[PDB]
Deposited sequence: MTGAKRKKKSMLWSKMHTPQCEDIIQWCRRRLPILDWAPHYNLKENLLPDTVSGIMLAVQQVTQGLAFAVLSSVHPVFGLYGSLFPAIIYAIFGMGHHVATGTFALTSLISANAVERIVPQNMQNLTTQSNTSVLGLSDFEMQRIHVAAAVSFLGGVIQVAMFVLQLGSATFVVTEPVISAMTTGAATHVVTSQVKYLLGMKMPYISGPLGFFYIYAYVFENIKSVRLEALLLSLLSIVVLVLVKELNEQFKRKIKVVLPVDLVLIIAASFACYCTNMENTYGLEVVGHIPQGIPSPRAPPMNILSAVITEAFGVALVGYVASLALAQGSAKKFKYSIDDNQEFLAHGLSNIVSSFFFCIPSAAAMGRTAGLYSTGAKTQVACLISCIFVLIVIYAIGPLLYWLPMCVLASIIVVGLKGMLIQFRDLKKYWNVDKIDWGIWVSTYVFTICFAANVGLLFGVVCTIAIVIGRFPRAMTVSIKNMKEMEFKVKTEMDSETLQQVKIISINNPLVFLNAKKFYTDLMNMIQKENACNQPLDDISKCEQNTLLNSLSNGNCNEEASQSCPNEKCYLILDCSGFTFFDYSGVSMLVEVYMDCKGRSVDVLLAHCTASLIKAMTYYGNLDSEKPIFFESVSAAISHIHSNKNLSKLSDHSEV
C-alpha cells in the first residue's frame, strides 16, 4: 500500500538529502569538516578505548561503522557518532568486573586470537561487544514501542548537570596520564574522591617529565584554541593544532629514547586490522543488563540533545523516535565488528559547527580517512605519549566543562531548576552519569507533581464569574474545592480553559455543585466541551430538563435576566 511505502521511506532519511545534494556549496565545507573531524575521532577513539579497559585499536573501529550506520539512518545533520567517553566509563565497569586484572598473564595467544592481539584482550573486547549489542537491541525495542515521544521528561538542566558531572569524571580519569603514575581500577559510589586520595597518598611516585609534557601541551592547546576563536574574522579557517601537536610529540618521542630514558607511556601497537565479523558472546548477555541499560539511555539522551540543538539552530525538523532506531542499529551492527558502545559527543558537533559542515557527508568523508589510519598510519602511532593524548582530551572537554555558566541563568529565571541542576551535578559527581540522569528525571517529575496542589486553580473575573484555568485532575482536585468554597445568589463557572479531566475532577465539580445548591447559591456552567456534560449528568444524576449547561457566559447572563 501507499502508506506502507511512505513508512518505509520515512525510516531512511538519507533519501531525503542524498538526491538533493549540491556539489557547488556543500562539498568543500563538508570535505574540510571531514578532514578536521578525522583526527578528532581518531584521538578520541584511542583515548576512549583505553578508557573502556580494552585495546586502543578497537576505538578506531568504533569511529568507522556507527558513523556509516547513523549516516544511513540518522536525522541530525551535525551529529558525529563515535566513542563517547560517557558510555566508555559505563562499559569499563562490566569489562573490569567480568574479566579482572588477575588473569593478565598465563594466556594462550592463539586458538582464534583475532588480529595479532594476545589473549585476555579478546576476553575484554567480547564483553564490550556484548554490552554494545544489548544496548543496541534495547534501543531498537524502545523504538518499536514508541517511547521517543516520552522524551520531554528529560529537561535541559538535567542534561546539562549530567554532562558537566560526567566531564568532571572524565577529567579525573585522565589525571594519572598527565601525572605519569599508575593506578588500579578504582570505581564505585565514591570513586571520584578515592582517585584523588590515591593520587595524594602517592605524590612521591609522579613523573616530572610527564607532568611538564602535559602542562606544555595543555598551555599550547588552550592558547591556540582561544586565540583562533577571537581572531576568526582575520583567520577564516580553523588551525589544526591537534594534528601538529600529535606529529611533534611523536617525532620528539622517536628521535630520542623517551620511552626508555625518561620512562614514559605510549600507545602500544595498533595492528593493521578490520578482521572478519563475529557474533557477540550471547552467553554474557545476562550479566551486563544494567550496563546495557545505562549506555542505551545515556548515549541516546546525550545524542538527542545535540540533534535537537542542531535542528533548532539550522531550522529543520527531526524525529525523536528515529534517533532510537539509528543509534540501536549503529550499536547492533558495530557489536559484530569488535566495537565499544557508541554515541554522539558534543566536542565533535562543536567542531562541525566551527568548521562549517552542511550534511552527513562530512561525517562520511572522515570515515574514509579513518580507514587510511587502519591500514597505513596504524603502526605509525607507536610513539605518541599518553600525556599528550590526555592533554588533548582534557582540552577538548572544555565545551562540556563550561556549562557551569548556566547556573547564573537558572538562578535569575527559575531558582527551582537551579536546585535540580545542583542536585543532579552532585549526584553525578558522587555515583555516576546514569544515576545522575535517573535522579534528575525523578526529581523533576516529583517537583512538578508537588506544585499542582499549591497553585491557584480558578480566577475571578470582573452573580460572579469564575474561570477554571487549569485541568482538573487528581493533582489539584482538592485544592480546587477549597479554592471555590473560599470565594463564597448566583455563580457562573466559565469552563473555556477546562480542557481535560478525570474521575476526581468530575466528582469534585459535582460536589461543588451540590454544596452550592445546599447553600442557596446556584451554579451555572459554560462551554464545558461535550464529554464533561455527559460525565457530570451521569455522576450527579443531573436532569436534562433543567438549565445548567450554557453555550457561553453571555448565554448564562441572559438566563439570569428572567
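- So which bits of the deposited chain never got modelled? Since the structure holds only modelled residues, the stretches it omits are 1 to 20, 483 to 501, 528 to 569, 644 to 656.
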